[PDB]
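Data first, discussion second: the structure below is written as structure tokens.
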Amino acid sequence: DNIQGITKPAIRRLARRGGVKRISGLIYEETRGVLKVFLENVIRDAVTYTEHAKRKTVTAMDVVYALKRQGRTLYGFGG
Amino acid sequence: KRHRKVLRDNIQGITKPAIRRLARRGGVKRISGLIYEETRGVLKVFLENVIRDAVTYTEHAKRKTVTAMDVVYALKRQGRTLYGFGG
Amino acid sequence: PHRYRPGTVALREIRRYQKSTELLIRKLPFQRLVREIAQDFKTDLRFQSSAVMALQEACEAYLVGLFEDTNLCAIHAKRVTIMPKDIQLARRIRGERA
Amino acid sequence: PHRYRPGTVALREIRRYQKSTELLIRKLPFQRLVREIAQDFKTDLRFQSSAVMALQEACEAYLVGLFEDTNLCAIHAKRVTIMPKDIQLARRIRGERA
Amino acid sequence: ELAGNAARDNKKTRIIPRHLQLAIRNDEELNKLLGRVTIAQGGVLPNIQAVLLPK
Amino acid sequence: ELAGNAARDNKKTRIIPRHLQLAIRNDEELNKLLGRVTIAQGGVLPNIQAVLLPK
DNA sequence: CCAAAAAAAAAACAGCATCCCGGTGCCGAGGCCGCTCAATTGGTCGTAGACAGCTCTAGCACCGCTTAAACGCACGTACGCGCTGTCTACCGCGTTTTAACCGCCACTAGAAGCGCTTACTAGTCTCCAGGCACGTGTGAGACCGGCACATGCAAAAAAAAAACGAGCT
DNA sequence: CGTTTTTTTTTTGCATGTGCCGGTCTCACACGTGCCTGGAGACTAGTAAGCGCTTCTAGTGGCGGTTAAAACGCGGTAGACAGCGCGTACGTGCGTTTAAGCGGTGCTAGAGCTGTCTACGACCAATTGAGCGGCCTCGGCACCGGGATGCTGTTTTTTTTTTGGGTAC
């Protein structure tokens, strides 16, 4: 329901930093299903750290470990 | 000291029919010419990168013989882990 | 009666947006899409605004990276228009999907 | 005389070798090639016979995986013939290639 | 269990490297567990691309 | 050093997350080192392909 | 209707190679044995982490205003895409060449196992400033704003390599 | 041969971005305090590993022969690749629409630190059988030859679509 909030003009801007000139309209659809799959994977694991600390607030340090888990290390928040 | 053997250039030992059989297993139906010396480029960089690491393991262990197990701590380190040679 | 040619502004937007470092997804519509999915693993959850920020950074950065490869897969097909089959391919090779 | 069409024996070879698991580099040239390279870091190194088999399993697989990735990039440029431009691509996405 | 199933499919009493590969690389889950891992003398699964078949 | 440079190049007397990101991907080695790393507020290098530019 | 014709197809025959069979052979699976060491039992002692309590940080809610951004539609351009003609690279098959691989040989580098000696680091307890949380100041950088100038873009004319005749042999 | 062309250079006018001169403002870098805990120090204690000696695994190298794989050339199929034309899916842009962002305040869930207590794991000693190294047998699986059968490619069998002269309507 909130999936869209990632607007067609938002995707456009990512791809333009991604070095893209011309974009099929079929892609805006595609990008959402990809982005969703990425946040699922990362979130899921990130909460798994929260639920093992037994907190109910998810922390920067919970995401950092879950990204570092997924191969995606994030310099900037704790570390 | 030193003894018989100094190096050679076995790079051309990768018979065309050898690289062709790899690609036939890799689902390839047709193969350009420029292919076979392209592959000789990559395969060479692979081993250099594995054997560098494996040699780095032997030197820690102060041997002169590279084990099966030296190759494996490197191959894994280079995210290409192998099952069938211990570890 | 002035008009630009289909592409010459996209290239201006490219030039511009690489040069800059600000988050190109709006911060609320994301922060909801963080909460929405998160409730599927456990309900009644909070989030440090930093840990929202953490996810936007990594998700924008991820897709930036994926668009580059998908761009490369579409050039490789004698194209400049990227397509879904150019994402599908760049993940297949990335080893994200089968 | 008898004569199959170009491609026909290529199919049978695929099926024949995809089926089996035995090494398709000649173990001698390989060994000399492994030795030859081993020297560049330090000369006069002995190798377990498992160690040269360990590498020859690692290398032959990696490449069969590369030719899978490579054959798609080619079909993905609408072609059947794999090419340099395909192995370059595959490696680039893979990040083995800057 | 699957390694054995493949062996018995193969008509073999003995599980062999091939069989481990066959099993792991058909089950989605095991495959994805063993993504960054090589299975000595396993080869690959019979996967010809369907654009490379006969006309 | 590399980022303290790219501050000078943008007449900046303070390093920011961009200046490191540029420093690090304009040294082939460090780049390779931090190959799987994601820097916050980094952005990419200016880079458009040949086939996208004008004739 | 009864032609094409060419294309497109169907199957009929003929041929080649792979699959699955029993007939054969050996070596590696599988097990049994006997022994060493690593898992268990029992007891002791020290502290990791659980629990209850409290502090207070920061995450959630809402609100109203000021745009920055999203949406939406319109018009046409440039690019996706098919189809087609061409041209030679590659696959197929065969004759010619090569040395991999086989089973064994003898040689001995050095891998690995032992025992001793000792110099090195855990472990304690005492002491204290390095480096933390806290709190204050002020100049970098945000942010304009406009002129000016250099970059690149979209046009609208002007020289320069096709199509178009007539028109001799 | 000197006519229509595209269409390839040439001003041509035009719009953004990049400043480099201004100028004002704000909050985050920067630095200062005060105290507390984490590194410094000196002494003790125990064993990890460095050293010298031995065992004997296993890694090397060379032979000689068999014949499987490497090589090379010829020929033509078929696939790469360019060219060209037809269609609309995208981009550009200005107009309308939304709701994000900002700065603010109100509320308290829960993050997080503190002092207490005791359950559980390390630690330490003795036992004792689990699981190892070694040894030995026989049946699974490699090997081979022979035959059935699926499967490819080349002819022939026929059967359509681009086209083609008669026929009434």
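Every chain in the structure tokens has a letter given in the order shown (A, B, ...), and although residue numbers restart at 1 in each chain, ligands are simply numbered from 1 in the order shown.
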
Once chain F is superposed on chain E with a least-squares fit on all C-alpha pairs taken in order, can you show it as a PDB file with C-alpha atoms, in the first residue's frame?
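So selection22.pdb came out as:
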ATOM      1  CA  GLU F   1      18.403 -38.014   1.696  1.00  0.00           C
ATOM      2  CA  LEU F   2      18.560 -35.835  -1.513  1.00  0.00           C
ATOM      3  CA  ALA F   3      21.882 -37.522  -2.641  1.00  0.00           C
ATOM      4  CA  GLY F   4      20.846 -41.059  -1.459  1.00  0.00           C
ATOM      5  CA  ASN F   5      17.890 -40.476  -3.860  1.00  0.00           C
ATOM      6  CA  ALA F   6      20.072 -39.470  -6.903  1.00  0.00           C
ATOM      7  CA  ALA F   7      22.140 -42.662  -6.263  1.00  0.00           C
ATOM      8  CA  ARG F   8      18.898 -44.725  -6.659  1.00  0.00           C
ATOM      9  CA  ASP F   9      18.094 -42.709  -9.903  1.00  0.00           C
ATOM     10  CA  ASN F  10      21.499 -43.783 -11.396  1.00  0.00           C
ATOM     11  CA  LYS F  11      20.859 -47.337  -9.956  1.00  0.00           C
ATOM     12  CA  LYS F  12      23.882 -46.548  -7.666  1.00  0.00           C
ATOM     13  CA  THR F  13      24.232 -48.149  -4.166  1.00  0.00           C
ATOM     14  CA  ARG F  14      26.980 -45.551  -3.352  1.00  0.00           C
ATOM     15  CA  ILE F  15      26.806 -41.715  -3.180  1.00  0.00           C
ATOM     16  CA  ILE F  16      29.575 -39.853  -5.124  1.00  0.00           C
ATOM     17  CA  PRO F  17      30.478 -36.115  -5.439  1.00  0.00           C
ATOM     18  CA  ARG F  18      28.029 -35.758  -8.425  1.00  0.00           C
ATOM     19  CA  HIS F  19      25.018 -37.084  -6.375  1.00  0.00           C
ATOM     20  CA  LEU F  20      25.509 -34.303  -3.731  1.00  0.00           C
ATOM     21  CA  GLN F  21      26.074 -31.592  -6.410  1.00  0.00           C
ATOM     22  CA  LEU F  22      22.702 -32.580  -8.047  1.00  0.00           C
ATOM     23  CA  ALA F  23      20.915 -32.918  -4.632  1.00  0.00           C
ATOM     24  CA  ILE F  24      22.106 -29.421  -3.579  1.00  0.00           C
ATOM     25  CA  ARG F  25      21.301 -27.329  -6.746  1.00  0.00           C
ATOM     26  CA  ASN F  26      17.856 -29.155  -7.084  1.00  0.00           C
ATOM     27  CA  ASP F  27      16.831 -27.768  -3.656  1.00  0.00           C
ATOM     28  CA  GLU F  28      16.539 -23.929  -4.178  1.00  0.00           C
ATOM     29  CA  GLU F  29      17.376 -23.465  -0.425  1.00  0.00           C
ATOM     30  CA  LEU F  30      20.531 -25.660   0.068  1.00  0.00           C
ATOM     31  CA  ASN F  31      21.754 -24.288  -3.314  1.00  0.00           C
ATOM     32  CA  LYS F  32      21.365 -20.724  -1.931  1.00  0.00           C
ATOM     33  CA  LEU F  33      23.022 -21.904   1.328  1.00  0.00           C
ATOM     34  CA  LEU F  34      26.089 -23.354  -0.512  1.00  0.00           C
ATOM     35  CA  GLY F  35      25.930 -20.512  -3.090  1.00  0.00           C
ATOM     36  CA  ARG F  36      29.638 -19.481  -2.810  1.00  0.00           C
ATOM     37  CA  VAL F  37      30.768 -23.162  -2.293  1.00  0.00           C
ATOM     38  CA  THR F  38      32.734 -25.232  -4.905  1.00  0.00           C
ATOM     39  CA  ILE F  39      32.191 -29.042  -4.650  1.00  0.00           C
ATOM     40  CA  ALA F  40      35.064 -31.230  -5.998  1.00  0.00           C
ATOM     41  CA  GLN F  41      34.225 -33.721  -8.863  1.00  0.00           C
ATOM     42  CA  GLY F  42      30.697 -32.175  -8.995  1.00  0.00           C
ATOM     43  CA  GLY F  43      30.115 -31.061 -12.612  1.00  0.00           C
ATOM     44  CA  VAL F  44      27.104 -28.837 -13.525  1.00  0.00           C
ATOM     45  CA  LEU F  45      23.371 -29.614 -14.063  1.00  0.00           C
ATOM     46  CA  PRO F  46      22.312 -30.499 -17.637  1.00  0.00           C
ATOM     47  CA  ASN F  47      21.251 -27.044 -19.029  1.00  0.00           C
ATOM     48  CA  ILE F  48      21.293 -25.653 -22.607  1.00  0.00           C
ATOM     49  CA  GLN F  49      19.486 -22.383 -23.520  1.00  0.00           C
ATOM     50  CA  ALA F  50      16.423 -22.140 -25.848  1.00  0.00           C
ATOM     51  CA  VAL F  51      18.203 -19.984 -28.522  1.00  0.00           C
ATOM     52  CA  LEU F  52      20.978 -22.717 -28.806  1.00  0.00           C
ATOM     53  CA  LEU F  53      18.532 -25.707 -29.353  1.00  0.00           C
ATOM     54  CA  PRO F  54      16.941 -26.549 -32.775  1.00  0.00           C
ATOM     55  CA  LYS F  55      13.698 -24.812 -34.001  1.00  0.00           C
TER      56      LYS F  55
END

With a cut-off of 10 Å and counting only C-alpha atoms (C1' of nucleotides), select all residues of chain D in contact with chain G and give the selection as a CSV table (one decimal) with N, CA and C atoms, in the first residue's frame.
chain,number,residue,atom,x,y,z
D,1,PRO,N,29.8,-38.7,-48.4
D,1,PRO,CA,30.1,-38.9,-47.0
D,1,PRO,C,29.1,-38.3,-46.1
D,2,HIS,N,29.0,-38.7,-44.8
D,2,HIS,CA,28.1,-38.1,-43.8
D,2,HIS,C,28.6,-36.8,-43.3
D,3,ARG,N,27.6,-35.9,-43.0
D,3,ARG,CA,28.0,-34.5,-42.5
D,3,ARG,C,26.8,-33.9,-41.8
D,4,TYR,N,26.9,-33.7,-40.5
D,4,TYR,CA,26.0,-33.0,-39.5
D,4,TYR,C,26.2,-31.5,-39.8
D,5,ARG,N,25.2,-30.7,-39.4
D,5,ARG,CA,25.1,-29.3,-39.6
D,5,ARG,C,25.8,-28.5,-38.5
D,6,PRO,N,26.4,-27.3,-38.8
D,6,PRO,CA,27.2,-26.6,-37.8
D,6,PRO,C,26.2,-26.3,-36.6
D,7,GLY,N,26.7,-26.6,-35.4
D,7,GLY,CA,25.8,-26.5,-34.2
D,7,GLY,C,25.5,-27.9,-33.7
D,8,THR,N,25.2,-28.9,-34.6
D,8,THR,CA,24.6,-30.2,-34.3
D,8,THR,C,25.5,-30.9,-33.3
D,9,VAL,N,26.8,-31.0,-33.6
D,9,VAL,CA,27.8,-31.8,-32.7
D,9,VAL,C,28.1,-30.9,-31.5
D,10,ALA,N,28.0,-29.6,-31.6
D,10,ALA,CA,28.1,-28.7,-30.5
D,10,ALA,C,27.1,-29.0,-29.4
D,12,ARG,N,25.5,-32.0,-28.9
D,12,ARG,CA,25.8,-33.4,-28.3
D,12,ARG,C,27.0,-33.2,-27.3
D,16,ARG,N,26.9,-34.3,-23.5
D,16,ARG,CA,28.0,-35.3,-23.2
D,16,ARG,C,28.8,-34.8,-21.9
D,26,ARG,N,44.1,-31.0,-19.2
D,26,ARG,CA,45.1,-32.1,-19.2
D,26,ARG,C,46.0,-31.8,-17.9
D,27,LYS,N,46.0,-32.7,-17.0
D,27,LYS,CA,46.5,-32.5,-15.6
D,27,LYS,C,48.0,-32.1,-15.6
D,28,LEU,N,48.8,-32.5,-16.6
D,28,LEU,CA,50.2,-32.2,-16.8
D,28,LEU,C,50.4,-30.8,-17.1
D,29,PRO,N,50.0,-30.3,-18.4
D,29,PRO,CA,50.2,-28.9,-18.7
D,29,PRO,C,49.8,-28.0,-17.5
D,46,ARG,N,57.6,-27.2,-3.5
D,46,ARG,CA,56.9,-28.5,-3.7
D,46,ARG,C,55.4,-28.3,-3.4
D,81,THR,N,26.8,-16.9,-30.5
D,81,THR,CA,28.3,-16.9,-30.4
D,81,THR,C,28.7,-16.1,-29.1

> Distance atom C1' of residue 107 of chain H-atom CA of residue 30 of chain C, one decimal place?
Replying inline: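 For atom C1' of residue 107 of chain H relative to atom CA of residue 30 of chain C, the distance reads 25.3 Å.
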
For chain G versus chain A, which residues have an atom no more than 12 Å away, and what is each residue's nearest atom pair and distance in Å rounded to one decimal, using only C-alpha atoms (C1' of nucleotides), chain-then-number order, as a tab-separated table?
residue	atom	partner	partner_atom	distance
G:58	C1'	A:57	CA	10.6
G:59	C1'	A:57	CA	8.6
G:60	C1'	A:57	CA	11.7
G:69	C1'	A:9	CA	9.1
G:70	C1'	A:9	CA	7.7
G:71	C1'	A:9	CA	9.9
G:78	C1'	A:22	CA	11.2
G:79	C1'	A:22	CA	9.9
G:80	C1'	A:24	CA	10.7

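Note that DSSP on the backbone gives strand (DSSP E or B) to these residues of chain D: residues 46, 47, 81 and 82 of chain D.
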
Residues as selected, N, CA and C atoms, written as a PDB file, in the first residue's frame, can you do that?
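Below is the file part-v7.pdb, written as the result:
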ATOM      1  N   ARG D  46      57.555 -27.173  -3.456  1.00  0.00           N
ATOM      2  CA  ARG D  46      56.933 -28.493  -3.677  1.00  0.00           C
ATOM      3  C   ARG D  46      55.432 -28.350  -3.441  1.00  0.00           C
ATOM      4  N   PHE D  47      54.653 -29.150  -4.163  1.00  0.00           N
ATOM      5  CA  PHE D  47      53.170 -29.146  -4.160  1.00  0.00           C
ATOM      6  C   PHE D  47      52.652 -30.559  -3.884  1.00  0.00           C
ATOM      7  N   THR D  81      26.841 -16.867 -30.498  1.00  0.00           N
ATOM      8  CA  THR D  81      28.317 -16.878 -30.354  1.00  0.00           C
ATOM      9  C   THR D  81      28.712 -16.082 -29.111  1.00  0.00           C
ATOM     10  N   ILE D  82      29.340 -16.726 -28.126  1.00  0.00           N
ATOM     11  CA  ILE D  82      30.006 -15.995 -27.010  1.00  0.00           C
ATOM     12  C   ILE D  82      31.175 -15.228 -27.620  1.00  0.00           C
TER      13      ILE D  82
END

> Within 6 Å of chain F, which residues of chain A show up when using only C-alpha atoms, listed as a ChimeraX atom specification?
Replying inline: /A:19,73-76

Residues as selected, N, CA and C atoms, written as a PDB file, in the first residue's frame, can you do that?
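out-v7.pdb written:
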ATOM      1  N   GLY A  19      23.728   6.620 -14.020  1.00  0.00           N
ATOM      2  CA  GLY A  19      24.301   6.891 -15.350  1.00  0.00           C
ATOM      3  C   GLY A  19      23.362   6.431 -16.445  1.00  0.00           C
ATOM      4  N   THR A  73      28.306  -3.636   3.873  1.00  0.00           N
ATOM      5  CA  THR A  73      28.816  -2.816   5.009  1.00  0.00           C
ATOM      6  C   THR A  73      28.482  -1.333   4.841  1.00  0.00           C
ATOM      7  N   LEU A  74      28.091  -0.696   5.939  1.00  0.00           N
ATOM      8  CA  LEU A  74      27.664   0.721   5.927  1.00  0.00           C
ATOM      9  C   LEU A  74      28.519   1.502   6.923  1.00  0.00           C
ATOM     10  N   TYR A  75      29.478   2.251   6.393  1.00  0.00           N
ATOM     11  CA  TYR A  75      30.294   3.239   7.136  1.00  0.00           C
ATOM     12  C   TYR A  75      29.428   4.476   7.389  1.00  0.00           C
ATOM     13  N   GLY A  76      29.371   4.963   8.634  1.00  0.00           N
ATOM     14  CA  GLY A  76      28.723   6.259   8.916  1.00  0.00           C
ATOM     15  C   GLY A  76      27.869   6.261  10.167  1.00  0.00           C
TER      16      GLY A  76
END

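Put simply, atom CA of residue 19 of chain D is 11.4 Å away from atom CA of residue 26 of chain B.
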
> If you count only C-alpha atoms (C1' of nucleotides), which residues fall within 10 Å of residue 63 of chain B, apart from same-chain ones fewer than 5 positions away, as a list in words?
Replying inline: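 Counting only the stated atoms, we get residues 55, 57 and 58 of chain B; 45 and 46 of chain D; 110 and 111 of chain G.
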
Residues of the last selection are to be written out with N, CA and C atoms (P, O5', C5', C4', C3', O3' and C1' of nucleotides), as an mmCIF file, in the first residue's frame.
data_model
loop_
_atom_site.group_PDB
_atom_site.id
_atom_site.type_symbol
_atom_site.label_atom_id
_atom_site.label_comp_id
_atom_site.auth_asym_id
_atom_site.auth_seq_id
_atom_site.Cartn_x
_atom_site.Cartn_y
_atom_site.Cartn_z
ATOM 1 N N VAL B 55 50.581 -19.364 -1.325
ATOM 2 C CA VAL B 55 52.039 -19.186 -1.050
ATOM 3 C C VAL B 55 52.189 -18.374 0.239
ATOM 4 N N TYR B 57 50.261 -18.474 2.749
ATOM 5 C CA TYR B 57 49.896 -19.433 3.831
ATOM 6 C C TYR B 57 51.101 -20.339 4.136
ATOM 7 N N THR B 58 51.731 -20.917 3.106
ATOM 8 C CA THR B 58 52.922 -21.807 3.233
ATOM 9 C C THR B 58 54.035 -21.055 3.986
ATOM 10 N N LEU D 45 59.343 -24.526 -4.914
ATOM 11 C CA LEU D 45 58.228 -24.919 -4.020
ATOM 12 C C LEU D 45 57.717 -26.293 -4.437
ATOM 13 N N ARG D 46 57.555 -27.173 -3.456
ATOM 14 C CA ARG D 46 56.933 -28.493 -3.677
ATOM 15 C C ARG D 46 55.432 -28.350 -3.441
ATOM 16 P P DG G 110 63.141 -29.007 0.105
ATOM 17 O "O5'" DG G 110 62.230 -29.498 1.314
ATOM 18 C "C5'" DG G 110 61.024 -30.243 1.083
ATOM 19 C "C4'" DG G 110 60.490 -30.794 2.385
ATOM 20 C "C3'" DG G 110 60.542 -29.836 3.584
ATOM 21 O "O3'" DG G 110 59.338 -29.956 4.355
ATOM 22 C "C1'" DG G 110 61.463 -31.862 4.178
ATOM 23 P P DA G 111 58.116 -28.944 4.140
ATOM 24 O "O5'" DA G 111 56.832 -29.887 4.275
ATOM 25 C "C5'" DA G 111 56.732 -31.208 3.675
ATOM 26 C "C4'" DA G 111 55.999 -32.171 4.587
ATOM 27 C "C3'" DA G 111 55.164 -31.545 5.705
ATOM 28 O "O3'" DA G 111 54.074 -32.410 6.048
ATOM 29 C "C1'" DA G 111 56.977 -32.707 6.665
#

Taking only C-alpha atoms (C1' of nucleotides) into account, produce a table as CSV in which each residue of chain B with an atom at most 10 Å from an atom of chain G appears once, together with its shortest atom pair and the distance in Å to one decimal, ordered by chain and rising number.
residue,atom,partner,partner_atom,distance
B:30,CA,G:90,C1',8.0
B:31,CA,G:90,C1',7.9
B:32,CA,G:90,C1',7.3
B:33,CA,G:90,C1',8.2
B:63,CA,G:111,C1',7.9
B:64,CA,G:110,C1',7.8
B:65,CA,G:110,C1',8.0

Go ahead and write the residues just picked, N, CA, C and O atoms, as a PDB file, in the first residue's frame.
ATOM      1  N   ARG B  30      28.419 -21.967 -29.423  1.00  0.00           N
ATOM      2  CA  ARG B  30      29.310 -21.352 -30.440  1.00  0.00           C
ATOM      3  C   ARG B  30      30.350 -20.484 -29.724  1.00  0.00           C
ATOM      4  O   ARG B  30      29.996 -19.825 -28.731  1.00  0.00           O
ATOM      5  N   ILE B  31      31.592 -20.508 -30.208  1.00  0.00           N
ATOM      6  CA  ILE B  31      32.774 -19.886 -29.541  1.00  0.00           C
ATOM      7  C   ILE B  31      33.579 -19.088 -30.563  1.00  0.00           C
ATOM      8  O   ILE B  31      34.139 -19.726 -31.487  1.00  0.00           O
ATOM      9  N   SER B  32      33.721 -17.777 -30.356  1.00  0.00           N
ATOM     10  CA  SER B  32      34.615 -16.928 -31.185  1.00  0.00           C
ATOM     11  C   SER B  32      36.056 -17.416 -31.040  1.00  0.00           C
ATOM     12  O   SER B  32      36.350 -18.154 -30.076  1.00  0.00           O
ATOM     13  N   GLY B  33      36.908 -16.988 -31.972  1.00  0.00           N
ATOM     14  CA  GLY B  33      38.357 -17.240 -31.933  1.00  0.00           C
ATOM     15  C   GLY B  33      38.983 -16.444 -30.808  1.00  0.00           C
ATOM     16  O   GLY B  33      39.649 -17.046 -29.938  1.00  0.00           O
ATOM     17  N   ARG B  63      56.974 -23.751   5.699  1.00  0.00           N
ATOM     18  CA  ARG B  63      57.237 -24.989   4.933  1.00  0.00           C
ATOM     19  C   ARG B  63      57.963 -24.554   3.661  1.00  0.00           C
ATOM     20  O   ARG B  63      58.297 -23.373   3.585  1.00  0.00           O
ATOM     21  N   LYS B  64      58.280 -25.481   2.763  1.00  0.00           N
ATOM     22  CA  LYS B  64      58.689 -25.179   1.362  1.00  0.00           C
ATOM     23  C   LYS B  64      57.738 -25.906   0.401  1.00  0.00           C
ATOM     24  O   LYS B  64      57.783 -25.644  -0.830  1.00  0.00           O
ATOM     25  N   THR B  65      56.915 -26.794   0.961  1.00  0.00           N
ATOM     26  CA  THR B  65      55.899 -27.593   0.243  1.00  0.00           C
ATOM     27  C   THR B  65      54.549 -26.904   0.431  1.00  0.00           C
ATOM     28  O   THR B  65      54.158 -26.685   1.597  1.00  0.00           O
TER      29      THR B  65
END

>> Please list as number ranges by chain every residue within 7 Å of segment 12-21 of chain B, counting only C-alpha atoms (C1' of nucleotides) and excluding residues in the same chain fewer than 3 positions away.
In response: B: 24-25, 36; D: 24-25, 29

>> What are the residues of chain D lining chain B at 8 Å or less? Count only C-alpha atoms, and put the answer as a ChimeraX atom specification.
In response: /D:7,10-11,13-15,17-18,24-26,29-30,32-39,41-42,44-52,54-55,58-60,63-68,71,80-84

Mind writing the picked residues with C-alpha atoms as a PDB file, in the first residue's frame?
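The resulting out.pdb:
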ATOM      1  CA  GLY D   7      25.834 -26.527 -34.212  1.00  0.00           C
ATOM      2  CA  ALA D  10      28.113 -28.659 -30.474  1.00  0.00           C
ATOM      3  CA  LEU D  11      24.734 -29.699 -28.847  1.00  0.00           C
ATOM      4  CA  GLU D  13      29.163 -32.137 -26.776  1.00  0.00           C
ATOM      5  CA  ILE D  14      27.219 -29.917 -24.302  1.00  0.00           C
ATOM      6  CA  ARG D  15      24.953 -32.856 -23.252  1.00  0.00           C
ATOM      7  CA  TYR D  17      30.111 -32.979 -20.845  1.00  0.00           C
ATOM      8  CA  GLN D  18      27.346 -31.349 -18.735  1.00  0.00           C
ATOM      9  CA  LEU D  24      38.711 -31.190 -18.984  1.00  0.00           C
ATOM     10  CA  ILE D  25      42.205 -29.596 -18.572  1.00  0.00           C
ATOM     11  CA  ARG D  26      45.113 -32.075 -19.156  1.00  0.00           C
ATOM     12  CA  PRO D  29      50.174 -28.880 -18.705  1.00  0.00           C
ATOM     13  CA  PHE D  30      48.110 -27.547 -15.741  1.00  0.00           C
ATOM     14  CA  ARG D  32      53.551 -27.121 -15.156  1.00  0.00           C
ATOM     15  CA  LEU D  33      51.330 -23.970 -15.492  1.00  0.00           C
ATOM     16  CA  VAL D  34      50.639 -24.040 -11.685  1.00  0.00           C
ATOM     17  CA  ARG D  35      54.370 -24.603 -10.971  1.00  0.00           C
ATOM     18  CA  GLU D  36      55.465 -21.925 -13.533  1.00  0.00           C
ATOM     19  CA  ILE D  37      53.134 -19.382 -11.785  1.00  0.00           C
ATOM     20  CA  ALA D  38      54.020 -20.608  -8.225  1.00  0.00           C
ATOM     21  CA  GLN D  39      57.696 -19.683  -9.011  1.00  0.00           C
ATOM     22  CA  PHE D  41      56.157 -15.530  -5.808  1.00  0.00           C
ATOM     23  CA  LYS D  42      58.922 -17.873  -4.640  1.00  0.00           C
ATOM     24  CA  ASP D  44      61.623 -24.122  -5.618  1.00  0.00           C
ATOM     25  CA  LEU D  45      58.228 -24.919  -4.020  1.00  0.00           C
ATOM     26  CA  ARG D  46      56.933 -28.493  -3.677  1.00  0.00           C
ATOM     27  CA  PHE D  47      53.170 -29.146  -4.160  1.00  0.00           C
ATOM     28  CA  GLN D  48      51.041 -31.964  -2.671  1.00  0.00           C
ATOM     29  CA  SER D  49      49.303 -33.836  -5.566  1.00  0.00           C
ATOM     30  CA  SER D  50      45.969 -32.880  -3.843  1.00  0.00           C
ATOM     31  CA  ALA D  51      47.094 -29.147  -3.917  1.00  0.00           C
ATOM     32  CA  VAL D  52      47.477 -29.174  -7.783  1.00  0.00           C
ATOM     33  CA  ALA D  54      42.652 -28.630  -5.443  1.00  0.00           C
ATOM     34  CA  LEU D  55      43.528 -25.745  -7.819  1.00  0.00           C
ATOM     35  CA  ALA D  58      38.743 -24.646  -8.318  1.00  0.00           C
ATOM     36  CA  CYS D  59      39.795 -23.252 -11.739  1.00  0.00           C
ATOM     37  CA  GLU D  60      37.833 -25.598 -14.064  1.00  0.00           C
ATOM     38  CA  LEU D  63      35.495 -20.972 -15.648  1.00  0.00           C
ATOM     39  CA  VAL D  64      32.443 -23.305 -16.333  1.00  0.00           C
ATOM     40  CA  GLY D  65      30.487 -20.801 -14.134  1.00  0.00           C
ATOM     41  CA  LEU D  66      32.043 -17.897 -16.120  1.00  0.00           C
ATOM     42  CA  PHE D  67      30.997 -19.519 -19.474  1.00  0.00           C
ATOM     43  CA  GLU D  68      27.404 -19.819 -18.079  1.00  0.00           C
ATOM     44  CA  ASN D  71      26.730 -17.356 -22.674  1.00  0.00           C
ATOM     45  CA  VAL D  80      24.494 -17.265 -29.909  1.00  0.00           C
ATOM     46  CA  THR D  81      28.317 -16.878 -30.354  1.00  0.00           C
ATOM     47  CA  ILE D  82      30.006 -15.995 -27.010  1.00  0.00           C
ATOM     48  CA  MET D  83      32.711 -13.307 -27.454  1.00  0.00           C
ATOM     49  CA  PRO D  84      35.425 -11.344 -25.592  1.00  0.00           C
TER      50      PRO D  84
END

Write out as CSV a residue-level contact list of chain H versus chain D with cut-off 10 Å: for each qualifying residue the closest pair of atoms and the distance in Å to one decimal, counting only C-alpha atoms (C1' of nucleotides), rows sorted by chain and residue number upward.
residue,atom,partner,partner_atom,distance
H:58,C1',D:48,CA,8.2
H:59,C1',D:46,CA,6.9
H:60,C1',D:46,CA,8.9
H:69,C1',D:26,CA,9.5
H:76,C1',D:6,CA,9.9
H:77,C1',D:6,CA,6.6
H:78,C1',D:6,CA,7.4
H:79,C1',D:80,CA,8.2
H:80,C1',D:79,CA,8.0
H:152,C1',D:4,CA,7.3
H:153,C1',D:4,CA,7.0
H:154,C1',D:2,CA,9.2

Those residues you just picked out, can you put them in a file as a CSV table (one decimal), in the first residue's frame with C-alpha atoms (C1' of nucleotides)?
chain,number,residue,atom,x,y,z
H,58,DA,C1',55.6,-38.2,-0.1
H,59,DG,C1',57.2,-35.4,-3.6
H,60,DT,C1',60.5,-35.5,-7.7
H,69,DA,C1',44.2,-35.9,-27.9
H,76,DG,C1',30.4,-24.6,-47.0
H,77,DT,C1',26.8,-23.8,-43.8
H,78,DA,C1',24.9,-20.3,-41.1
H,79,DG,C1',25.3,-16.7,-38.1
H,80,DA,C1',27.2,-12.1,-37.4
H,152,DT,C1',19.9,-36.5,-37.7
H,153,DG,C1',20.2,-35.4,-42.6
H,154,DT,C1',19.5,-36.5,-46.9

> Quick one: which residues from chain C are at most 6 Å off chain D, using only C-alpha atoms, as a PyMOL selection string?
Replying inline: chain C and resi 69+76-77+94
